[PDB]
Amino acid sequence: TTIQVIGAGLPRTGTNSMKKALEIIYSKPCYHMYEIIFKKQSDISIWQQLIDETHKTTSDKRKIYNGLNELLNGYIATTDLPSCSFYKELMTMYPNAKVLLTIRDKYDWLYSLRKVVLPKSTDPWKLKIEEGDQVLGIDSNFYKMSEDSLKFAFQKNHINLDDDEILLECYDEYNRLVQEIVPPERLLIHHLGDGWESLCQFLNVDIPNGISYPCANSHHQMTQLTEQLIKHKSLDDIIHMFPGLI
């Protein structure tokens, strides 16, 4: 098996639902940040090294391609950070893979981002996210990798991540650049709520019969997950409250 679909959409654009939709279509695994968190935390340092490699005056592109290939072995698709930030590299490695750009209203996106992936540095809720994630074994190394992958997607070394106005403009620019770089016939822009129809047409498959398009990972559910991790201190003890997520 090899990469068939490259998900270029940013975090909080429906990437977990797209991951699930691609797993339904292909009956093979799709990579996502949740693969790292819930199945393979040893991947954190590997991603960090690949991102660090991009910051060298002379980066080793073959080291990056080889590292991506090893990370994605056994997967049919990629979505979410950190992989989305490498969509150009993945297009080169997998010239026959199609590209998906999941997208949504930028104000809704920013709101969701601040609730889940990138709270402002002095937002009290950041401390709660961190306390809940500690239950999962997630610590500062994960947050560094996540933030560095977002900065790499936005092509900025120094950026004030606490400035909403900057993030909104980075979002629009990132999505504009995907549409500029990817040949139209190789790209599907999938707006939140678009469902199976356009996706299945683009991938040359029928709409899965009787299977609805996935709809999980809302910020409401993430807030509940953080709170229940804090309260019970065990993922196993609470996972029955969160079907269809991990």
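Start at 1 and count along the sequence shown; that's the residue number. If you superpose the two forms and keep the largest set of C-alpha atoms that fall within 1.5 Å, you have the rigid core.
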185 to 193 or 54 to 62, the stretch lying farther from the shown form in 4 other deposited structures of this protein by root mean square CA distance over structures and residues, after core fitting, is 54 to 62
With the rigid core as the fit anchor, does 117 to 125 or 100 to 108 show bigger C-alpha shifts in 4 other deposited structures of this protein?
-> 117 to 125
Which wins on mean Cα temperature factor, 157 to 165 or 143 to 151?
-> 157 to 165
Mean C-alpha B-factor higher for 24 to 32, or for 47 to 55?
-> 47 to 55
Chain third (lowest, middle, highest) by recorded CA B-factor, residue given as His191 | middle
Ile3 - Cα temperature factor, lowest/middle/highest third of chain | highest
Grab the CA temperature factor for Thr15 from the record and place it in the lowest, middle or highest third of its chain.
-> lowest
Relative to the other modelled residues of the same chain, rank the CA B-factor of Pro82 and answer lowest, middle or highest third.
-> lowest
Could you look up the Cα B-factor of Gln228 in the entry and say which third of the chain it sits in: lowest, middle or highest?
-> middle
